file coords_10.txt (compact mmCIF, N, CA and C atoms)
# COMPACT_ATOMS: atom_id res chain seq x y z
N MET A 1 3.55 4.59 18.56
CA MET A 1 2.95 3.70 19.54
C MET A 1 1.47 3.47 19.23
N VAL A 2 0.81 4.51 18.72
CA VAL A 2 -0.60 4.42 18.38
C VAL A 2 -1.01 5.56 17.45
N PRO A 3 -0.67 5.42 16.16
CA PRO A 3 -1.00 6.42 15.14
C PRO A 3 -2.49 6.48 14.84
N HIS A 4 -3.21 7.28 15.62
CA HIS A 4 -4.65 7.43 15.44
C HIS A 4 -4.98 7.85 14.01
N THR A 5 -4.16 8.74 13.46
CA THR A 5 -4.36 9.23 12.10
C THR A 5 -4.28 8.09 11.09
N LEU A 6 -3.29 7.22 11.27
CA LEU A 6 -3.10 6.09 10.37
C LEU A 6 -4.33 5.19 10.36
N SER A 7 -5.00 5.09 11.50
CA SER A 7 -6.20 4.26 11.62
C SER A 7 -7.42 4.99 11.06
N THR A 8 -7.39 6.32 11.13
CA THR A 8 -8.49 7.13 10.63
C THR A 8 -8.68 6.95 9.13
N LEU A 9 -7.64 6.45 8.46
CA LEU A 9 -7.70 6.22 7.02
C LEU A 9 -8.76 5.18 6.68
N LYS A 10 -9.29 5.28 5.46
CA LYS A 10 -10.32 4.35 5.00
C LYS A 10 -9.87 3.63 3.73
N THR A 11 -10.33 2.39 3.57
CA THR A 11 -9.97 1.59 2.40
C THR A 11 -11.03 1.72 1.31
N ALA A 12 -10.79 1.07 0.18
CA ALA A 12 -11.72 1.11 -0.94
C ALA A 12 -12.97 0.29 -0.64
N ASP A 13 -12.88 -0.55 0.39
CA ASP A 13 -14.01 -1.39 0.78
C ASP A 13 -14.83 -0.72 1.88
N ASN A 14 -14.68 0.59 2.00
CA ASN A 14 -15.41 1.35 3.02
C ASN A 14 -15.12 0.81 4.41
N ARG A 15 -13.91 0.30 4.61
CA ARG A 15 -13.50 -0.25 5.89
C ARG A 15 -12.25 0.45 6.42
N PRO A 16 -12.01 0.33 7.73
CA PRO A 16 -10.85 0.94 8.38
C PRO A 16 -9.54 0.27 7.98
N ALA A 17 -8.64 1.05 7.39
CA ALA A 17 -7.35 0.53 6.96
C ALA A 17 -6.50 0.11 8.15
N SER A 18 -6.91 0.53 9.34
CA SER A 18 -6.19 0.21 10.57
C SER A 18 -6.24 -1.29 10.84
N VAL A 19 -7.41 -1.89 10.63
CA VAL A 19 -7.59 -3.32 10.86
C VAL A 19 -6.63 -4.14 10.00
N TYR A 20 -6.15 -3.53 8.92
CA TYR A 20 -5.23 -4.20 8.01
C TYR A 20 -3.79 -4.08 8.51
N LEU A 21 -3.58 -3.21 9.49
CA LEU A 21 -2.26 -3.00 10.06
C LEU A 21 -2.10 -3.75 11.38
N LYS A 22 -0.87 -3.82 11.88
CA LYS A 22 -0.59 -4.51 13.13
C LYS A 22 0.50 -3.79 13.91
N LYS A 23 0.22 -3.47 15.17
CA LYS A 23 1.18 -2.79 16.03
C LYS A 23 2.22 -3.76 16.56
N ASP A 24 2.15 -5.01 16.11
CA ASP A 24 3.10 -6.03 16.54
C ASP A 24 4.00 -6.46 15.39
N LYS A 25 3.64 -6.04 14.18
CA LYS A 25 4.42 -6.39 12.99
C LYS A 25 4.56 -5.18 12.07
N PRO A 26 5.67 -5.14 11.31
CA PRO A 26 5.95 -4.05 10.37
C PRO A 26 5.01 -4.06 9.17
N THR A 27 4.44 -2.90 8.86
CA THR A 27 3.52 -2.77 7.74
C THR A 27 4.23 -2.20 6.51
N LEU A 28 3.70 -2.51 5.34
CA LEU A 28 4.27 -2.03 4.09
C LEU A 28 3.23 -1.31 3.25
N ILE A 29 3.41 0.00 3.08
CA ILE A 29 2.49 0.81 2.29
C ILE A 29 3.00 1.00 0.87
N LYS A 30 2.18 0.63 -0.10
CA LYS A 30 2.54 0.76 -1.51
C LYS A 30 1.59 1.70 -2.23
N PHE A 31 2.13 2.76 -2.82
CA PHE A 31 1.33 3.73 -3.55
C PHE A 31 1.26 3.39 -5.03
N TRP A 32 0.05 3.41 -5.58
CA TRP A 32 -0.15 3.10 -7.00
C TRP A 32 -1.17 4.04 -7.62
N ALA A 33 -1.53 3.77 -8.87
CA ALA A 33 -2.51 4.59 -9.58
C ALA A 33 -3.10 3.84 -10.76
N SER A 34 -4.36 4.14 -11.08
CA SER A 34 -5.05 3.48 -12.18
C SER A 34 -4.37 3.81 -13.51
N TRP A 35 -3.62 4.90 -13.53
CA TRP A 35 -2.92 5.33 -14.74
C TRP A 35 -1.49 4.81 -14.75
N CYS A 36 -1.26 3.70 -14.05
CA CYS A 36 0.07 3.10 -13.97
C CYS A 36 0.04 1.65 -14.45
N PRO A 37 0.80 1.35 -15.51
CA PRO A 37 0.88 0.01 -16.08
C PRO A 37 1.60 -0.97 -15.16
N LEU A 38 2.73 -0.54 -14.61
CA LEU A 38 3.52 -1.38 -13.71
C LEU A 38 2.79 -1.60 -12.39
N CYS A 39 1.72 -0.83 -12.18
CA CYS A 39 0.93 -0.94 -10.96
C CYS A 39 -0.36 -1.73 -11.21
N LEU A 40 -1.15 -1.26 -12.17
CA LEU A 40 -2.41 -1.92 -12.51
C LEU A 40 -2.18 -3.39 -12.83
N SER A 41 -1.10 -3.68 -13.55
CA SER A 41 -0.77 -5.05 -13.93
C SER A 41 -0.16 -5.80 -12.75
N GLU A 42 0.20 -5.07 -11.70
CA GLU A 42 0.79 -5.67 -10.51
C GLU A 42 -0.25 -5.81 -9.40
N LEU A 43 -1.48 -5.40 -9.69
CA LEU A 43 -2.56 -5.47 -8.72
C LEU A 43 -2.65 -6.87 -8.11
N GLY A 44 -2.90 -7.86 -8.96
CA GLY A 44 -3.01 -9.23 -8.49
C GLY A 44 -1.82 -9.65 -7.65
N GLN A 45 -0.62 -9.31 -8.11
CA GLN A 45 0.60 -9.65 -7.39
C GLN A 45 0.52 -9.22 -5.93
N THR A 46 0.22 -7.94 -5.72
CA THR A 46 0.11 -7.40 -4.37
C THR A 46 -1.01 -8.08 -3.59
N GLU A 47 -2.10 -8.39 -4.29
CA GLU A 47 -3.24 -9.05 -3.66
C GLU A 47 -2.83 -10.38 -3.05
N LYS A 48 -1.86 -11.04 -3.67
CA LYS A 48 -1.37 -12.33 -3.18
C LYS A 48 -0.35 -12.14 -2.06
N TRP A 49 0.54 -11.17 -2.24
CA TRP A 49 1.57 -10.89 -1.24
C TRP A 49 0.94 -10.65 0.13
N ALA A 50 -0.08 -9.81 0.17
CA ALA A 50 -0.77 -9.50 1.42
C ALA A 50 -1.39 -10.75 2.03
N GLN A 51 -1.47 -11.82 1.23
CA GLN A 51 -2.04 -13.07 1.70
C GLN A 51 -0.97 -14.15 1.83
N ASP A 52 0.24 -13.83 1.39
CA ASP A 52 1.36 -14.76 1.47
C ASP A 52 1.69 -15.10 2.92
N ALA A 53 1.70 -16.39 3.23
CA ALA A 53 2.01 -16.85 4.58
C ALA A 53 3.33 -16.28 5.07
N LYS A 54 4.28 -16.13 4.15
CA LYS A 54 5.59 -15.59 4.49
C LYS A 54 5.50 -14.11 4.84
N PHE A 55 4.50 -13.44 4.28
CA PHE A 55 4.30 -12.02 4.53
C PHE A 55 3.61 -11.79 5.88
N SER A 56 3.17 -12.88 6.50
CA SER A 56 2.50 -12.80 7.79
C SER A 56 3.39 -12.12 8.83
N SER A 57 4.69 -12.11 8.57
CA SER A 57 5.65 -11.50 9.48
C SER A 57 5.65 -9.98 9.32
N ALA A 58 5.15 -9.51 8.18
CA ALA A 58 5.09 -8.08 7.91
C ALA A 58 3.86 -7.72 7.09
N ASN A 59 2.97 -6.93 7.68
CA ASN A 59 1.74 -6.52 7.00
C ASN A 59 2.06 -5.84 5.67
N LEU A 60 1.18 -6.03 4.69
CA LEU A 60 1.36 -5.44 3.37
C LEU A 60 0.04 -4.89 2.83
N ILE A 61 0.03 -3.60 2.50
CA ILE A 61 -1.16 -2.96 1.97
C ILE A 61 -0.80 -1.84 1.00
N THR A 62 -1.75 -1.49 0.13
CA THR A 62 -1.53 -0.43 -0.85
C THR A 62 -2.30 0.83 -0.47
N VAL A 63 -2.14 1.87 -1.28
CA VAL A 63 -2.82 3.14 -1.04
C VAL A 63 -3.08 3.88 -2.34
N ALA A 64 -4.28 4.44 -2.46
CA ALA A 64 -4.66 5.18 -3.66
C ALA A 64 -4.94 6.64 -3.34
N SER A 65 -4.74 7.51 -4.33
CA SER A 65 -4.96 8.94 -4.15
C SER A 65 -5.95 9.47 -5.18
N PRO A 66 -7.25 9.33 -4.89
CA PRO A 66 -8.32 9.79 -5.78
C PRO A 66 -8.39 11.32 -5.86
N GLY A 67 -8.20 11.86 -7.06
CA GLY A 67 -8.25 13.29 -7.24
C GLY A 67 -6.90 13.95 -7.06
N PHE A 68 -5.84 13.14 -7.07
CA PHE A 68 -4.49 13.66 -6.90
C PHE A 68 -3.57 13.16 -8.02
N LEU A 69 -2.62 14.00 -8.40
CA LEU A 69 -1.68 13.64 -9.46
C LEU A 69 -2.40 13.45 -10.79
N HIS A 70 -2.94 12.25 -11.00
CA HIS A 70 -3.66 11.94 -12.23
C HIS A 70 -4.63 10.78 -12.01
N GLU A 71 -5.01 10.57 -10.76
CA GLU A 71 -5.93 9.49 -10.41
C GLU A 71 -7.38 9.95 -10.54
N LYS A 72 -8.28 9.00 -10.76
CA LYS A 72 -9.70 9.31 -10.90
C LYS A 72 -10.22 10.04 -9.67
N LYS A 73 -11.41 10.60 -9.78
CA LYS A 73 -12.02 11.33 -8.68
C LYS A 73 -12.76 10.38 -7.74
N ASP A 74 -12.94 10.81 -6.49
CA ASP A 74 -13.62 10.00 -5.49
C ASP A 74 -14.95 9.48 -6.04
N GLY A 75 -15.35 8.29 -5.59
CA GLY A 75 -16.59 7.70 -6.04
C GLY A 75 -16.41 6.86 -7.29
N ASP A 76 -15.70 7.39 -8.27
CA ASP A 76 -15.46 6.68 -9.52
C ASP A 76 -14.38 5.61 -9.33
N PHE A 77 -13.23 6.03 -8.82
CA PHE A 77 -12.11 5.12 -8.60
C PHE A 77 -12.57 3.88 -7.83
N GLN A 78 -13.51 4.08 -6.91
CA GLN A 78 -14.03 2.98 -6.11
C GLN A 78 -14.88 2.04 -6.96
N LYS A 79 -15.79 2.62 -7.73
CA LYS A 79 -16.67 1.84 -8.59
C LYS A 79 -15.88 1.17 -9.71
N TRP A 80 -14.73 1.74 -10.03
CA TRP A 80 -13.88 1.19 -11.09
C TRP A 80 -12.94 0.13 -10.53
N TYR A 81 -12.45 0.35 -9.32
CA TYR A 81 -11.54 -0.59 -8.68
C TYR A 81 -12.29 -1.82 -8.17
N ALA A 82 -13.59 -1.66 -7.95
CA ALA A 82 -14.42 -2.75 -7.47
C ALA A 82 -14.69 -3.77 -8.58
N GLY A 83 -14.24 -3.45 -9.79
CA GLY A 83 -14.44 -4.34 -10.91
C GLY A 83 -13.14 -4.91 -11.44
N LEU A 84 -12.09 -4.82 -10.64
CA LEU A 84 -10.78 -5.33 -11.03
C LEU A 84 -10.60 -6.78 -10.58
N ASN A 85 -11.65 -7.33 -9.96
CA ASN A 85 -11.61 -8.71 -9.49
C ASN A 85 -10.60 -8.87 -8.35
N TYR A 86 -10.46 -7.82 -7.55
CA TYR A 86 -9.52 -7.84 -6.43
C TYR A 86 -10.21 -7.39 -5.14
N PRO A 87 -11.23 -8.15 -4.71
CA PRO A 87 -11.98 -7.85 -3.49
C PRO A 87 -11.16 -8.07 -2.23
N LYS A 88 -10.01 -8.71 -2.39
CA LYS A 88 -9.12 -8.98 -1.26
C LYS A 88 -7.83 -8.18 -1.37
N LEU A 89 -7.92 -7.01 -2.00
CA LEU A 89 -6.76 -6.15 -2.18
C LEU A 89 -6.85 -4.93 -1.27
N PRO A 90 -5.92 -4.84 -0.30
CA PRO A 90 -5.87 -3.72 0.65
C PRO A 90 -5.45 -2.41 -0.01
N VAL A 91 -6.40 -1.49 -0.14
CA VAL A 91 -6.13 -0.20 -0.75
C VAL A 91 -6.70 0.94 0.09
N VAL A 92 -5.81 1.77 0.63
CA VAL A 92 -6.23 2.90 1.45
C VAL A 92 -6.46 4.14 0.61
N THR A 93 -7.69 4.66 0.65
CA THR A 93 -8.04 5.85 -0.12
C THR A 93 -7.44 7.10 0.50
N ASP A 94 -7.04 8.04 -0.35
CA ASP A 94 -6.45 9.29 0.12
C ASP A 94 -6.97 10.48 -0.68
N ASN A 95 -8.08 11.05 -0.22
CA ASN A 95 -8.69 12.19 -0.90
C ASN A 95 -7.71 13.36 -0.98
N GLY A 96 -6.95 13.42 -2.07
CA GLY A 96 -5.99 14.49 -2.24
C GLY A 96 -4.57 14.05 -1.96
N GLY A 97 -4.39 12.75 -1.76
CA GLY A 97 -3.07 12.22 -1.48
C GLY A 97 -2.48 12.78 -0.20
N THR A 98 -3.15 12.52 0.92
CA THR A 98 -2.69 13.00 2.22
C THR A 98 -1.44 12.26 2.67
N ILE A 99 -1.47 10.93 2.57
CA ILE A 99 -0.34 10.11 2.96
C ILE A 99 0.82 10.26 1.99
N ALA A 100 0.53 10.11 0.70
CA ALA A 100 1.54 10.23 -0.34
C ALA A 100 2.31 11.54 -0.20
N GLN A 101 1.58 12.64 -0.07
CA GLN A 101 2.20 13.96 0.07
C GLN A 101 3.00 14.05 1.36
N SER A 102 2.51 13.38 2.40
CA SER A 102 3.19 13.39 3.69
C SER A 102 4.49 12.59 3.64
N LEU A 103 4.53 11.60 2.75
CA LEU A 103 5.72 10.77 2.59
C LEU A 103 6.53 11.20 1.38
N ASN A 104 6.05 12.23 0.68
CA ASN A 104 6.73 12.74 -0.50
C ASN A 104 6.78 11.68 -1.60
N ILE A 105 5.61 11.18 -1.98
CA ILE A 105 5.52 10.16 -3.03
C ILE A 105 4.99 10.76 -4.33
N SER A 106 5.91 11.18 -5.19
CA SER A 106 5.55 11.78 -6.47
C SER A 106 5.71 10.77 -7.60
N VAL A 107 6.53 9.75 -7.36
CA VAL A 107 6.77 8.71 -8.36
C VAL A 107 6.13 7.39 -7.95
N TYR A 108 5.43 6.76 -8.88
CA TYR A 108 4.77 5.49 -8.61
C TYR A 108 5.20 4.43 -9.62
N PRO A 109 5.13 3.15 -9.20
CA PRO A 109 4.68 2.79 -7.85
C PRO A 109 5.68 3.19 -6.77
N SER A 110 5.35 2.89 -5.52
CA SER A 110 6.22 3.23 -4.40
C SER A 110 5.97 2.30 -3.22
N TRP A 111 6.85 2.36 -2.23
CA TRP A 111 6.73 1.52 -1.04
C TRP A 111 7.12 2.29 0.21
N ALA A 112 6.76 1.74 1.37
CA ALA A 112 7.07 2.38 2.64
C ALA A 112 6.84 1.42 3.81
N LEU A 113 7.92 0.97 4.43
CA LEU A 113 7.83 0.05 5.55
C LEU A 113 7.78 0.81 6.87
N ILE A 114 6.87 0.40 7.75
CA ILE A 114 6.71 1.04 9.05
C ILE A 114 6.89 0.04 10.18
N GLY A 115 7.95 0.21 10.97
CA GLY A 115 8.21 -0.69 12.08
C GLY A 115 6.98 -0.91 12.94
N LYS A 116 6.98 -2.01 13.69
CA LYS A 116 5.86 -2.34 14.56
C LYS A 116 5.57 -1.20 15.53
N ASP A 117 6.62 -0.48 15.92
CA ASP A 117 6.47 0.64 16.84
C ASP A 117 5.65 1.76 16.21
N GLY A 118 5.48 1.70 14.89
CA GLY A 118 4.72 2.71 14.19
C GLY A 118 5.60 3.79 13.59
N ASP A 119 6.91 3.57 13.63
CA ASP A 119 7.86 4.52 13.08
C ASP A 119 8.34 4.09 11.70
N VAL A 120 8.81 5.05 10.91
CA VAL A 120 9.29 4.77 9.56
C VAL A 120 10.45 3.78 9.59
N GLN A 121 10.53 2.95 8.56
CA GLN A 121 11.59 1.95 8.46
C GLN A 121 12.35 2.08 7.15
N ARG A 122 11.62 2.38 6.08
CA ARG A 122 12.22 2.53 4.76
C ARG A 122 11.19 3.01 3.74
N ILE A 123 11.67 3.61 2.65
CA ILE A 123 10.79 4.11 1.61
C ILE A 123 11.43 3.96 0.23
N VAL A 124 10.81 3.14 -0.62
CA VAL A 124 11.32 2.91 -1.96
C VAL A 124 10.42 3.57 -3.01
N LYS A 125 11.03 4.06 -4.08
CA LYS A 125 10.29 4.71 -5.15
C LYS A 125 10.18 3.80 -6.37
N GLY A 126 9.40 2.73 -6.24
CA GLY A 126 9.23 1.80 -7.33
C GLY A 126 8.34 0.62 -6.96
N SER A 127 8.61 -0.53 -7.57
CA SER A 127 7.83 -1.73 -7.30
C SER A 127 8.73 -2.95 -7.20
N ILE A 128 9.07 -3.33 -5.97
CA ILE A 128 9.93 -4.48 -5.73
C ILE A 128 9.27 -5.76 -6.22
N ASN A 129 10.04 -6.85 -6.22
CA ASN A 129 9.53 -8.14 -6.67
C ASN A 129 9.27 -9.06 -5.48
N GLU A 130 8.91 -10.31 -5.77
CA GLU A 130 8.64 -11.29 -4.72
C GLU A 130 9.84 -11.45 -3.80
N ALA A 131 10.83 -12.21 -4.25
CA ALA A 131 12.03 -12.44 -3.46
C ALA A 131 12.57 -11.14 -2.88
N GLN A 132 12.53 -10.08 -3.68
CA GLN A 132 13.01 -8.77 -3.24
C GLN A 132 12.38 -8.38 -1.91
N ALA A 133 11.07 -8.52 -1.81
CA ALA A 133 10.35 -8.18 -0.59
C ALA A 133 10.82 -9.04 0.58
N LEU A 134 11.00 -10.33 0.32
CA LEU A 134 11.45 -11.26 1.36
C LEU A 134 12.75 -10.78 1.99
N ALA A 135 13.72 -10.42 1.15
CA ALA A 135 15.01 -9.93 1.63
C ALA A 135 14.89 -8.53 2.21
N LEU A 136 13.99 -7.73 1.64
CA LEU A 136 13.78 -6.37 2.10
C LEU A 136 13.29 -6.35 3.55
N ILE A 137 12.51 -7.36 3.92
CA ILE A 137 11.98 -7.46 5.27
C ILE A 137 12.93 -8.24 6.17
N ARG A 138 13.51 -9.31 5.63
CA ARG A 138 14.43 -10.14 6.39
C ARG A 138 15.53 -9.29 7.03
N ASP A 139 15.93 -8.23 6.33
CA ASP A 139 16.97 -7.34 6.83
C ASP A 139 16.48 -5.89 6.85
N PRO A 140 16.82 -5.17 7.93
CA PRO A 140 16.43 -3.77 8.10
C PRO A 140 17.15 -2.84 7.13
N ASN A 141 18.35 -3.24 6.73
CA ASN A 141 19.15 -2.44 5.80
C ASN A 141 19.12 -3.04 4.40
N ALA A 142 18.08 -3.83 4.12
CA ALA A 142 17.93 -4.47 2.82
C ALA A 142 17.24 -3.54 1.83
N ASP A 143 18.04 -2.79 1.07
CA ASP A 143 17.51 -1.86 0.08
C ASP A 143 16.72 -0.74 0.76
N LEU A 144 16.69 0.42 0.12
CA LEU A 144 15.97 1.57 0.66
C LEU A 144 15.19 2.28 -0.44
call {"tool": "encode", "arguments": {"input": "coords_10.txt", "output": "structure tokens"}}
result
Amino acid sequence: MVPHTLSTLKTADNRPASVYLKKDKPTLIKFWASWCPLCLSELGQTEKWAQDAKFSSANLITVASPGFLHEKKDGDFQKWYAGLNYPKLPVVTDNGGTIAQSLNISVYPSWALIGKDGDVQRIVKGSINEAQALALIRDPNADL
């Protein structure tokens, strides 16, 4: 109903990741890493999806884990990600992978849909495509 913790999270733009979410629409959390080809090369893709008019029905944002798994350390990842030409890319920082570990995300990329109520909806261990996302949201039982 009101995940205070989810809002406590911060983005790479030193802003509240909560503002990127909506308690009236389902959000989509995608975990990635600078050491991921299928992710780094998919940066732009996600940057557009979160802006896709069709995605307006379901919020879409990513999440990074600085100092976890094999990601850069805090401070650096930000200065490095700020040069990817993606100033409009929603990325929630996780000092130590708090969210990832909480959702059991060891494989990247990854996804996680959260109903408007703020409850879990689905969790995928990979990187879906355009149309894939459309159908994934259009139906509650569309892929897991």
call {"tool": "select_by_dssp", "arguments": {"input": "coords_10.txt", "residues": "stretch 6-69 of chain A", "states": "helix (DSSP H, G or I)", "output": "number ranges by chain"}}
result
A: 6-8, 17-20, 37-40, 43-49, 53-57
call {"tool": "closest_residue", "arguments": {"input": "coords_10.txt", "among": "A:113, A:63, A:2, A:53", "to": "residue A:93", "atoms": "only N, CA and C atoms"}}
result
A:63
call {"tool": "closest_atom_pairs", "arguments": {"input": "coords_10.txt", "of": "stretch 35-110 of chain A", "to": "stretch 130-135 of chain A", "cutoff": "9 Å", "atoms": "only C-alpha atoms", "output": "CSV"}}
result
residue,atom,partner,partner_atom,distance
A:45,CA,A:130,CA,8.6
A:49,CA,A:130,CA,7.9
A:54,CA,A:134,CA,7.9
A:55,CA,A:134,CA,7.9
call {"tool": "closest_atom_pairs", "arguments": {"input": "coords_10.txt", "of": "stretch 105-128 of chain A", "to": "stretch 31-44 of chain A", "cutoff": "8 Å", "atoms": "all atoms listed in the file", "output": "Markdown table"}}
result
| residue | atom | partner | partner_atom | distance |
| --- | --- | --- | --- | --- |
| A:105 | CA | A:31 | CA | 7.7 |
| A:107 | C | A:31 | C | 6.9 |
| A:108 | CA | A:31 | C | 5.4 |
| A:109 | CA | A:31 | C | 4.5 |
| A:110 | C | A:31 | N | 3.9 |
| A:111 | N | A:31 | N | 4.8 |
| A:112 | N | A:31 | N | 6.3 |
| A:126 | C | A:31 | N | 7.8 |
| A:127 | CA | A:38 | C | 7.2 |
call {"tool": "closest_residue", "arguments": {"input": "coords_10.txt", "among": "A:103, A:60, A:1, A:82", "to": "residue A:118", "atoms": "all atoms listed in the file"}}
result
A:1
call {"tool": "atom_distance", "arguments": {"input": "coords_10.txt", "atom1": "atom C of residue A:129", "atom2": "atom CA of residue A:27"}}
result
15.7 Å
call {"tool": "closest_residue", "arguments": {"input": "coords_10.txt", "among": "A:89, A:64, A:144, A:84", "to": "residue A:50", "atoms": "all atoms listed in the file"}}
result
A:89
call {"tool": "atom_distance", "arguments": {"input": "coords_10.txt", "atom1": "atom CA of residue A:26", "atom2": "atom CA of residue A:67"}}
result
28.5 Å
call {"tool": "select_by_dssp", "arguments": {"input": "coords_10.txt", "residues": "stretch 1-135 of chain A", "states": "strand (DSSP E)", "output": "number ranges by chain"}}
result
A: 10-11, 27-31, 59-64, 91-93, 111-114, 120-124
call {"tool": "atom_distance", "arguments": {"input": "coords_10.txt", "atom1": "atom CA of residue A:97", "atom2": "atom CA of residue A:71"}}
result
9.8 Å
